[PDB]
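Coordinate inspection notes
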Amino acid sequence: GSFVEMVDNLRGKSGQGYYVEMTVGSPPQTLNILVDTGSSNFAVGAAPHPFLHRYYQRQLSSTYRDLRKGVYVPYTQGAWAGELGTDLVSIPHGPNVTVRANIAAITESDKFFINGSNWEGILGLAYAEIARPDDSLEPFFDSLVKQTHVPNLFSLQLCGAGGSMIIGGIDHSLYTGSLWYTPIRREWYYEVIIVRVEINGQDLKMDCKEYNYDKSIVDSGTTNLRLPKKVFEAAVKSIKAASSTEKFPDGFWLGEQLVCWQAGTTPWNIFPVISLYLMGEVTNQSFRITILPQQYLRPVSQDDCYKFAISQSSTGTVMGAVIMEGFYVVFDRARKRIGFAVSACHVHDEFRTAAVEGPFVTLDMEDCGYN
Ligand SMILES: C[C@@H](NC(=O)c1cc(COC(=O)[C@](C)(N)Cc2ccccc2)cc(N(C)S(C)(=O)=O)c1)c1ccc(F)cc1
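Residues numbered from 1 in each chain as written, not as in the entry; some residues may be left out. Heavy atoms only, no water.

Surrounding the ligand, one finds 24 residues, the nearest of these being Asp36, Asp219, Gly221, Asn224 and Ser311. A distance of 2.6 Å is found between a nitrogen atom of the ligand and a side-chain nitrogen or oxygen belonging to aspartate 36. Take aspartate 219: an N or O atom from its side chain is 2.8 Å from a nitrogen atom of the ligand. In isolation the ligand offers 750 Å² of accessible surface; the protein chains occlude 90% of this area. Residue classes in the shell around the ligand are distributed as seven nonpolar, 12 polar and five charged. Composition of the shell around the ligand by domain shows at least three residues from each of domain 1 (18-150) and domain 2 (151-371). (Near = heavy atom within 4 Å. Polar contact = N/O pair within 3.5 Å; in protein donor to acceptor, adjacent residues only side chain to side chain. Areas by Shrake-Rupley, 256 points an atom, 1.4 Å probe, with all protein chains shown as cover. Nonpolar A, V, L, I, M, F, W, Y, C, P; charged D, E, K, R; others polar. Domains from an automatic or database assignment.)

As a further point, take the UniProt feature "active site" in the protein chain. Taken from the UniProt record, the annotation "active site" applies to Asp36 and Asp219. Structurally, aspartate 36 is set in strand β3 (residues 29-36). Assessed through its relative accessible area of 6%, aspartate 36 is described here as buried. For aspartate 36, the residues in contact, after removing those within four places along its chain, are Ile122, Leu123, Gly124, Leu125, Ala126, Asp219, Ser220 and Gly221. Apart from the residues within four sequence positions on either side, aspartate 219 is in contact with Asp36, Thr37, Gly38, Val318, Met319, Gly320, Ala321 and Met324. (UniProt positions renumbered as here; feature names shortened; annotations may be inferred. Helix = DSSP H or I, 4+ residues; strand = E, 2+ residues; numbered from the N terminus. Buried < 20%, exposed > 50% of the residue type's maximum accessible area, 1.4 Å probe, protein only. Contact = heavy atoms within 4.5 Å.)

With that settled, the discussion passes to the state of the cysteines. What makes a disulfide is a covalent bond joining the sulfur atoms belonging to two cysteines. Within this structure, the stated rule accounts for three disulfides. A disulfide bridge connects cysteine 159 with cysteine 345, and the sulfur atoms are separated by 2.0 Å. Taking the sign of the S-S torsion, about -100 degrees here, the bridge from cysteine 159 to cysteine 345 comes out left-handed. Of the residues examined, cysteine 159 reaches a relative accessible area of 9% and is grouped as buried. Owing to a relative accessible area of 22%, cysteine 345 belongs among the partly exposed residues under this scheme. In this model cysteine 260 forms its disulfide with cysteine 305; the gap between the sulfur atoms is 2.0 Å. Negative torsions about the S-S bond denote left-handed disulfides, and the value of about 100 degrees found for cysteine 260 with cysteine 305 makes this one right-handed. (Disulfide = S-S within 2.5 Å.)

Along the chain, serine 343 falls in strand β24 (residues 337-343). Within the structure, the side chain of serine 343 is placed 3.1 Å from the backbone nitrogen of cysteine 345, a separation counted as a polar contact. Residues in contact with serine 343, not counting those within four places in the same chain, are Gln157, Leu174, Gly326, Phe327 and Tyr328.

Structural data, given as structure tokens:
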């Protein structure tokens, strides 16, 4: 394939975030940067921190331009403060371009950086609406598309227990079967609409408005599949019922307790598959993505310890790495849609595999979204 030099450009594996190398300033300073579709700021550690191996030294960059303005970014998890500026930025294993991008130099942070994660900054790939301080701070990908001829599209293959970020296109070696597209409802987060949920083929039978209450977003920088409280509770009762060939403590289903098995003995087969039906591109048409326990049970000697990685949220549905590790995911910004196909690297067994299937007939899907 023609995008071959972008294949395998992501690292992670320790399970603490997927990062790409980005080269900033002049002379070059290369740092490991978290690939984050749940936010819209490009920011790098710019001062020593106990969890950082390296950081951005602005004094050493001749092309750095201080915007003389501060920035504070609080996330769902963690927060940071820094200084705004612009500098030259390239991705040595991404597109063959260099852009002048907004960069936040992080000087202070709380519960943001992760010990042993090996990433030192974050690349917010969502839209300007959710950028801080405000939507006038052009996100990196917006700069890329305005300044170059790189097509307005990227795609992500996250390989769980690195992966690929293809910028400007799609690489067919990264997936099997067909790509299925769901509309981006609104360009702020990567917002989508979930129309039905099944556990082992059994409908959860909740009003679809509950699935997207507040919103449903795709976020490569969130570990879990996060579900609204009412949805989470129903899903857990259903998953418990379907996996009742063995029992687990209450706190396991809450993420508070881990269960471990002897190496290579995890009874994947006793846990159900989970299907999310997403709005399709044609009227009354949907498709479904199906994940295995290998996706939603995340590994933490001779002992294989796992955390249940479906959790509750009060800010709507978040399709994090639990979802993304099953699939090659196409963020087709030019056509305002997100595609899913079975990943060439998703973790599975000889009996079951992740799936993307359709089409299905689903009526009144427009009703499912929150206003
Ligand atoms: C970086 C790291 N991400 C996390 O640990 C993580 C991140 C968020 C909020 O995440 C967010 O608010 C942002 C938009 N992704 C920004 C961000 C905040 C902090 C760290 C990195 C990026 C929430 C949660 N949960 C509350 S949870 C346990 O329900 O998933 C877990 C990660 C990402 C992907 C992976 F495969 C593995 C680790």
